[PDB]
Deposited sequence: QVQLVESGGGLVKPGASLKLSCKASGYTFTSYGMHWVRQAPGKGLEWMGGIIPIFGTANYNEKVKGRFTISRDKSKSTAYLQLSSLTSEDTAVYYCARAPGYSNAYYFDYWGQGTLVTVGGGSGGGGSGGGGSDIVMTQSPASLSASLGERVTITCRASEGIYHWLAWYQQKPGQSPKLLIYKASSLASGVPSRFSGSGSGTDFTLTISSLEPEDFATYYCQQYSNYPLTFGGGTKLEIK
């Protein structure tokens, strides 16, 4: 029973500081990495940084490095994200997400529920189409393009409305455990695709791709797959 619980969000004024907390339970905290990814409309998913709890080492997205600080408390099984000099641009849902390895250049196997924060040389991942209407029992293929070669270091996530993302595929074509057989991914280099061989009602969602070849970790803008 993997559980990630974020807390500490709220409504703040420009220039404020805010500390977020992520409580991990149901697994050994020090065996996995801990990242912070934020999401807002029109801004998509944006990697903040991650930390390897046994080493206490962290990597950041250059756009927030020095302003935001990640830390951990191994005895508490908790990762933290310290926000500073907050601006209108930092308005987002802040997720903590687990990385299944000892590298900060990775994909995430579990995401928390998110905590809302409101203030009042990069590999570009592009997804197309932005939206696609489809009907049940149909085969659908969606695309993801990397601005430069990423070998097979690509992950696909599904996000249903009101929910956090869920891992579908990692390593471009490896299906995540418990994911239905109707999902497949293919590609290498810069050209990637996700296919659902026969749509089920649960498959109507937004799909994101993410590269984990270089820093910063970057996400595509998403494809919303909707009924008829």
{"item": "Missing C-alpha runs, given along the deposited sequence, first residue counted as 1", "value": "121-132"}
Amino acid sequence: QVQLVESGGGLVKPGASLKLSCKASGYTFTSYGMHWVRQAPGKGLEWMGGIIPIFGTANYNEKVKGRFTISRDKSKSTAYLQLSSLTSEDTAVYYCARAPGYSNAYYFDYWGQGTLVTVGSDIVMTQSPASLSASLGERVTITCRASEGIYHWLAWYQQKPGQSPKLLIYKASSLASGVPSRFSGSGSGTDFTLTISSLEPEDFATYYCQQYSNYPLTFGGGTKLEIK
From here on, numbers count along this sequence of modelled residues.
item: Given 187-195 and 63-71, the range whose Cα B-factors average higher in the PDB entry; value: 63-71
item: Residue stretch of maximal mean CA temperature factor, 204-212 vs 13-21; value: 13-21
item: Out of 160, 171, 38, 35, residue topping the C-alpha B-factor column of the entry; value: 160
item: Options 82, 133, 115, 118 - largest CA temperature factor per the record; value: 133
item: Residue 182 by Cα B-factor - lowest, middle or highest third of the modelled chain; value: middle
item: Third of the chain's Cα B-factor distribution that residue 109 belongs to, per the entry; value: lowest
item: Third of the chain, ranked by Cα B-factor, where residue 47 sits; value: lowest
item: Ranked against its chain, the third holding the CA B-factor of residue 155; value: lowest
item: Chain thirds of CA B-factor: placement of residue 54; value: highest
